[PDB]
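Starting off, we have a lone chain in the form deposited in one PDB entry, written out as structure tokens.
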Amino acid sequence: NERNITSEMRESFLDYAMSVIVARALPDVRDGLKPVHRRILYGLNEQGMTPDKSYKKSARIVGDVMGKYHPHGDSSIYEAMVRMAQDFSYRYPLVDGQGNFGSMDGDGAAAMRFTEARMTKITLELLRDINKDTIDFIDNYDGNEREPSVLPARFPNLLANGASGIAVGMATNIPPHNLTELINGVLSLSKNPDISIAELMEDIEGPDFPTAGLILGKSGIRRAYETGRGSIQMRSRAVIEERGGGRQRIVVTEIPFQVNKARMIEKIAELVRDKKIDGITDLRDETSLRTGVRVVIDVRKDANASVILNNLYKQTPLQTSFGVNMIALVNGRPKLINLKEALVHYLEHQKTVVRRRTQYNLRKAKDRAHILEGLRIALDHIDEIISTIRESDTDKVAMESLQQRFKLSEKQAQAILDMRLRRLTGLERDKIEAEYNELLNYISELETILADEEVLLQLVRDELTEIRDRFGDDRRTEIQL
């Protein structure tokens, strides 16, 4: 009935601090997701909103996620889903959206009633075999549902899409990467547990932003990869060209990651008006859906456009630094990780997922084989099978007689009873046999995988290699010396 103010402060604030750290702002090292992002993807998976199906309503998606898994504001859920659909925020979008989904100018997405969404083809790789006992499920916030604790994640999502998060007492800032480079890096690690950062960097050259652009030098990247912290200087793609007659202009076609284009432009205009920068006679955003990003900066006749550009880098977000701070949840706890640690935890997560899948496929195959052996016995002595059932007054007595006479299990006897008459036709009888033989080979194939750790690891390699070829793409961000 009495509460000490010092204790109340320490307990309540810790309660909040911990919750934001482990269940809100920080991503898991295994799937690179936050709880809201994982809940949105899972919602799309359970509702079967696959890329082959048509676009589903954002309202229903958000409404289901909120009620079943995410006990928070609908605006937070919707905004997180929208961000996953933006090709300027996500190096490898996770949500395929229809309608107004926002712009590089900071414009928000249309109200959720108007927009529609589904998974992208790559998101299927995050969810692959999630129902084959690969990952651990947990109780939802109210004990009425079940949710995944982490995703199979068949591609290194944490490093591919990166992440930004402000928590309590810490924050996170991981940049996106090229998928082809990451997978190659992972392949090297699997062949060499003692590989160095320097060697891993032969595969992974540095960050790769969806908005392309340039990176200056390899020192910042190296520092970040080695320690988990480092400053990386980003720069816009800019060229100087003539526009007649004797006059020049600066043309920008790529801007730094996370920079608002409209905001950047106003900042330039502000400096021109305040006379803090000399030589600019006109500023136009010629960006078009059809022509791409194009920001034009007219230069005064005879003024040096190269000097003006260098000045814009110093005073406007035309050059912005990305401060790497790689904090992720490892074994549930926040931790500062380096490139190798991140790759190690992801590789180890891939081994467990493939082993658990194999063990699941095995159990189910054996259970089906057992049921097929029951039906095969039934087909061989179908006459006897009928007589046993015909002379039985109840199902319970029929069961017991079938088990007794044909030395069947309880499951086998039930299957025979559930069998429809149509199963007796020529083609149907041949299907039961055909399935059984295929299943025996399959069982054998799966046992070969579990009996050898190297074969398992090779399968992980082959499956990662398959995704690299299908979803792997070219580098967008140029890294200059």
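Don't overthink the numbering: it's just position in the shown sequence, from 1. Between two forms, the rigid core is defined as the largest C-alpha subset superposing within 1.5 Å.
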Can you tell me whether 470-478 has a higher mean C-alpha B factor than 2-10 in this record, or the other way round?
2-10
Between 59-67 and 42-50, the record assigns the higher mean Cα B factor to 42-50
Per the deposited B-factor column, the C-alpha that peaks among 151, 84, 371, 386 belongs to 386
Identify, among 146, 267, 349, 340, the residue whose C-alpha carries the highest B-factor in the deposited PDB entry.
267
Please rank the C-alpha B-factors of the chain's modelled residues and tell me whether residue 237 sits in the lowest, middle or highest third.
lowest
By the entry's values, the third containing the CA B factor of residue 26 is the lowest
Quick check on the deposited entry: does the C-alpha B-factor of residue 334 sit in the lowest, middle or highest third of its chain?
middle
Binned into thirds over the chain's modelled residues, the C-alpha B-factor of residue 177 lands in the lowest
Third of the chain's Cα B-factor distribution that residue 117 belongs to, per the entry:
middle
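This protein has a second form, the form deposited in another entry, left out of what is shown; the following refers to that one.
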Fit the core first: which of 392, 190, 173, 131 then shifts its CA by 2 Å or more between this form and the one not shown?
392
Indicate whether residue 433 shows a C-alpha shift of 2 Å or more between this form and the one not shown, with the rigid core used for the fit.
yes
